[PDB]
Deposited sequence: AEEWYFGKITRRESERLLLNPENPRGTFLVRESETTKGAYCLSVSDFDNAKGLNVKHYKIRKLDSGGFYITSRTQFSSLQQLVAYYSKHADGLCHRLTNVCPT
């Protein structure tokens, strides 16, 4: 899908969008790594930080496969988004809602 792909948006810009108070815990967006890789940014919550954002670097295997953890890989970013919206499996929270605006 292209809806959760925000492209060349910076890390602080994605945080300002994800920190939106109407956003359900687990709101996300995929963007290009600021530092040719991609990044999954997810909104989270805890009492110390309150509303916050987690950033995961989406890496690629040399055999062609996207990954974030060590036991799961995908053929596309859409397959990765789909898997993580069903299971958190290592992520702070599972993907629940595509980031607004």
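- Numbering the deposited sequence from 1, one finds a lone region with no C-alpha coordinates, namely 36-37.
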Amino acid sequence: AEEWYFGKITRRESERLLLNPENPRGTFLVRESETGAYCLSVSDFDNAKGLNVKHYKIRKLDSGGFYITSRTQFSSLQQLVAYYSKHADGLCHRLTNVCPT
From here on, numbers count along this sequence of modelled residues.
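Just so we're on the same page, rigid core means the largest C-alpha set that superposes within 1.5 Å between forms.
- Fitting each structure in 6 other deposited structures of this protein onto the rigid core and averaging C-alpha distances over structures and residues, 55-63 emerges as the more displaced of 71-79 and 55-63.
- Fitting each structure in 6 other deposited structures of this protein onto the rigid core and averaging C-alpha distances over structures and residues, 45-53 emerges as the more displaced of 45-53 and 22-30.
- Here 86-94 and 18-26 are compared by their mean Cα B-factor, and 86-94 comes out higher.
- Here 44-52 and 68-76 are compared by their mean Cα B-factor, and 68-76 comes out higher.
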